[PDB]
Amino acid sequence: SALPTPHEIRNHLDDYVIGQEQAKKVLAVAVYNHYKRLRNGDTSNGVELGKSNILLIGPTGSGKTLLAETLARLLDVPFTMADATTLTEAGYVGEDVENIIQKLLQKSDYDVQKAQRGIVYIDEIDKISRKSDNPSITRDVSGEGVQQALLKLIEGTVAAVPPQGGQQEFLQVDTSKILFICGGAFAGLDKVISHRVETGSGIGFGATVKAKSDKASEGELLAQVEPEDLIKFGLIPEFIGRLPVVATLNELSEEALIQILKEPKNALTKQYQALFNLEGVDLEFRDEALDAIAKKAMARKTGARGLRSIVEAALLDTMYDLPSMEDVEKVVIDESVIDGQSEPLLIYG
Amino acid sequence: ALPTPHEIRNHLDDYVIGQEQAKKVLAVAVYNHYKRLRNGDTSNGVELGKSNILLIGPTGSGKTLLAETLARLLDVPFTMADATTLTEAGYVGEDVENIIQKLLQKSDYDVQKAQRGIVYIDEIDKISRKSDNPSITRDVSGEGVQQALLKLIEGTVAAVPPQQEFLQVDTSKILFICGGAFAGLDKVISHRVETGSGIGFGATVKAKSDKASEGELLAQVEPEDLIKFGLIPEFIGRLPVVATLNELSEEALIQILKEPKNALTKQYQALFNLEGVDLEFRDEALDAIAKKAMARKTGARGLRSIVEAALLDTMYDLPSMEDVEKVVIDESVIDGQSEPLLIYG
Ligand SMILES: Nc1ncnc2c1ncn2[C@@H]1O[C@H](COP(=O)(O)OP(=O)(O)OP(=O)(O)O)[C@@H](O)[C@H]1O
Ligand SMILES: Nc1ncnc2c1ncn2[C@@H]1O[C@H](COP(=O)(O)OP(=O)(O)OP(=O)(O)O)[C@@H](O)[C@H]1O
Ligand SMILES: [Mg+2]
Ligand SMILES: [Mg+2]
């Protein structure tokens, strides 16, 4: 009856996500505004309140997809996730844009009224970016073609969704009040921002030589992202315009990674503890080991996904012989094991 | 009594700002269509013909907004479509015949009313063929759609599902309107309007300072320019009158903030009112927002990003704050060096 305040929504997100406060507020505000719009569906005012789509930009592994999954748990309206890569322009073998609404209907029991007020997430939106360098000779059905088909969907159109099979009987869903959240790990966008901001070049005496250290980081550059930068990446102005709200996720730091190992509800350390717990052994990760794991992952530049690789390598040998071993009760992992100067100590008993 | 074009233009002003040619062409076109409906019999020997309109304008100019406003004050059936979803006959994609099907549904299957209506086709620039060269690989969503609509816009008989008795409907008296952004058309116009731009003393070098703007450049658009951008000449003929919207200016944007009946400021003010808090937008703050919006190049759509960006923090914590009664948005908040003043009741 009472719409949850954004603070409560953010608290729930923190249970699974660690950091990205700016993105959390945008998502919480969007849900609060969407709920208010739904609660005010009768338009008890003198205006036709519009929507504001979000664009979750950030380095791979920052938690863009994770946020969408967590939102679907605390959401009250229908929710659905999509993949821009499979989408293709109408009239081709590839999947059509209208398929997104079909999935949303399944979550709403094929209720047009319910599906007309849900939320939708489109992951890998950066992949459909038009190949600006490529000549405008062959229609980019997989890229620019998909963006052009989503212009009316985001703004609002009577999408034709199949009526659960086989012309006629085609359902008519209006995507006017549906909220869309696009996400994608834009690769190379930082360079575009650097040229527009750094503007450091030249070889002559009257030039401005810049040191490699003065160069900013991807996170810093991405923070100062502007729509002009997206145009060079491959996004048409008609597409970015429909997405006025833009959120940026910073690059997880070493300290933040240490929290990911445990703080998240399904944190990496907890996942491996259950694996060992069901087998009858206790798994403990020393705080010192977590620091080394985070440091190694910081170099792989693979986000939180790099943490799993470090744990697997350290526990690869243990998981190969531990099941055959007997009387093993607990396994302790120290920083030395992460570096390779020791092996996990086995507490027999 | 049929309404005069001035009345139609006045209604469009309530929701649109800074668009004279668009309103005039639409009002005149609608006025002519209304007169044709009044004399549908056309007893007079002369067989009065129709003139379709083509809308050209940058993003956030009001092309899709004008069509929506027209459907409210209109009396005959109206329909909106998307050229991207359309495809030539015999393919999984949507067919052009479905356009009349939606129009027929809006008239409760009234063929008489369907034969006299208006149809708006958005994203017409999308179907534009990538290149004017021969289509080695048939463009199902490109030339195919244009060729399929050649007879529909000009006028012919179309077969639509009854509800294989495909109901026959004539499209000779139905008005069709097309709209698109045509990203890059300005370059084509410049290549034609501007010539002799190369290296040399006798050549001309604008330096980008004197170069014509996108808005005025499109105002000088000619049919030949559209051919280079990619469009079948047969399709251009079906659209004799071409309306070109101008890029909104800083002053024009400031008016769109509040003048529209459903302006952005009003929408945000109503949103806070529904929660229980009052919102006030200062005139000085509006100008600052317009300046930043004019730099995004996204048209009116950029205003929503600036407003929500400044109110992002406020809307996140305002629902928790108690006793707050009104918020004052000053120009300092727009730049980001200040926080919206909070008034505690
Ligand atoms: N802040 C975070 N808190 C908790 N887990 C996180 C966080 N960031 C990333 N993860 C982990 O990331 C994994 C999911 O990948 P994630 O959603 O981060 O990728 P992505 O950035 O959306 O990918 P893409 O490269 O396709 O754009 C999950 O295991 C989740 O635990
Ligand atoms: N002059 C204007 N006054 C008020 N609102 C405007 C104006 N121009 C655009 N808008 C806003 O534009 C939105 C509707 O989209 P619009 O018709 O501008 O699209 P467009 O620029 O033609 O898009 P595209 O060319 O990509 O199809 C509405 O939110 C409307 O408020
Ligand atoms: Mg992802
Ligand atoms: Mg439009």
Side-chain angles (χ1 to χ4, degrees), chain A residues 37 40 43-52 151-152 154-158 174 176-177 238 241-242 244, chain B residues 3-31 33-34 53 55-81 106 118-123 175 177-181 243-271 281 286 289-290 293 298-304 307:
Chain A
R37 292 155 184 169
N40 189 78
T43 50
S44 64
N45 53 23
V47 302
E48 295 179 356
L49 296 172
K51 73 197 188 191
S52 60
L151 302 179
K152 296 288 289 186
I154 303 299
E155 188 181 7
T157 185
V158 187
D174 181 64
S176 179
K177 310 307 300 182
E238 295 78 357
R242 265 82 179 186
Chain B
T4 54
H6 280 235
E7 296 178 357
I8 295 165
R9 188 264 179 177
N10 296 325
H11 294 86
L12 296 168
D13 299 333
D14 301 358
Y15 302 89
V16 188
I17 302 293
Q19 293 299 344
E20 310 300 346
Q21 300 297 127
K23 295 172 187 160
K24 284 184 174 182
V25 174
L26 292 168
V28 169
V30 169
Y31 186 61
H33 193 261
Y34 271 53
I53 311 93
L55 306 182
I56 295 166
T59 60
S61 298
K63 299 180 292 306
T64 308
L65 173 61
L66 284 157
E68 294 182 0
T69 60
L70 208 72
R72 313 191 192 186
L73 60 91
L74 272 166
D75 56 358
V76 299
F78 190 87
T79 304
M80 182 176 293
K106 293 285 181 58
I118 306 89
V119 171
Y120 173 69
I121 295 165
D122 197 352
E123 316 302 344
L175 181 62
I177 299 166
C178 300
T244 299
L245 286 73
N246 55 15
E247 187 176 3
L248 298 170
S249 61
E250 184 180 346
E251 291 73 0
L253 285 167
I254 292 164
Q255 309 302 340
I256 294 166
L257 270 298
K258 58 197 176 303
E259 288 293 355
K261 191 188 297 303
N262 308 336
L264 189 67
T265 65
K266 293 164 171 169
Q267 288 177 329
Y268 277 100
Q269 288 173 354
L271 192 70
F281 271 116
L286 305 190
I289 295 166
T298 56
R301 303 183 186 276
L303 300 171
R304 187 168 294 273
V307 176

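Sequence lines set the chain letters: A, B, ... in the order given, protein chains first and strands last, and positions in each chain run from 1. Any value given below was found using the heavy atoms of this structure, including those in side chains, with hydrogens, waters and symmetry copies removed.
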Yes or no on side chain to side chain contact (heavy atoms under 4.5 Å, CB included) for B:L271 and A:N45, after CA distance, side-chain angles and deciding distance?
-> CA-CA 9 Å; B:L271 192 70; A:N45 53 23; over 6 Å; no
Pairs in or reaching into residues 68-81 of chain B: which pass salt bridge (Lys or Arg N to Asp or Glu O under 4.0 Å), with residues at least two apart or in two chains?
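Non-adjacent pairs meeting salt bridge (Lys or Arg N to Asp or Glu O under 4.0 Å): A:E48-B:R72.
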Can you confirm whether [X] sits close enough to [Y] that some side-chain heavy atom of one is under 4.5 Å from a side-chain heavy atom of the other?
X: A:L49; Y: A:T43; answer: no
X: B:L26; Y: B:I177; answer: yes
X: B:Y15; Y: B:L70; answer: no
X: B:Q19; Y: B:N246; answer: yes
X: B:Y120; Y: B:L66; answer: no

Minimum heavy-atom separation for [X] to [Y], with atom names?
X: B:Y34; Y: B:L73; answer: OH-O, 4.0 Å
X: B:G302; Y: B:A293; answer: C-CB, 4.4 Å
X: B:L257; Y: B:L253; answer: CD2-O, 2.8 Å

By salt bridge (charged side-chain N to carboxylate O under 4.0 Å, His left out) - contacts of [X] (at least two apart):
X: B:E259; result: none
X: A:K152; result: B:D122
X: A:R242; result: A:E155, B:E123

Rounded to the nearest 0.5 Å, what separates atom [atom1] in [X] from atom [atom2] in [Y]?
X: B:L74; Y: B:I8; atom1: CG; atom2: CD1; result: 7.5 Å
X: B:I256; Y: B:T265; atom1: CD1; atom2: OG1; result: 11.5 Å
X: B:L264; Y: B:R304; atom1: CG; atom2: CZ; result: 5.0 Å
X: B:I56; Y: B:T244; atom1: CD1; atom2: OG1; result: 4.5 Å
X: B:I289; Y: B:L303; atom1: CD1; atom2: CG; result: 7.5 Å

For [X], what residues pass the side-chain contact (heavy atoms from CB on, under 4.5 Å) criterion, not counting sequence neighbours?
X: B:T4; value: B:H6, B:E7
X: B:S249; value: B:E251, B:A252
X: A:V158; value: A:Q172, A:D174
X: B:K106; value: B:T79

(Q) Exactly one of B:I17, B:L248, B:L286 should register a side chain to side chain contact (heavy atoms under 4.5 Å, CB included) with B:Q255. Which one does? (A)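 By the side chain to side chain contact (heavy atoms under 4.5 Å, CB included) criterion, B:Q255 pairs with just one of B:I17, B:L248, B:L286: B:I17.
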**Item:** Donor-acceptor pair, side chain of B:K266 and main chain of B:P260, under 3.5 angstrom
**Value:**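 Checked: pair present.
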- Query: Does any pair with a residue in residues 20-29 of chain B pass side chain to side chain donor-acceptor pair (under 3.5 Å), and if so which ones, sequence neighbours excluded?
  - Reply: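 Only B:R9-B:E20, B:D13-B:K23 qualify under side chain to side chain donor-acceptor pair (under 3.5 Å).
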Practice problem: Could you pull out all residues at least two apart from A:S52 that satisfy side chain to side chain donor-acceptor pair (under 3.5 Å)? | Solution: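 Residues passing side chain to side chain donor-acceptor pair (under 3.5 Å) with A:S52: B:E308.
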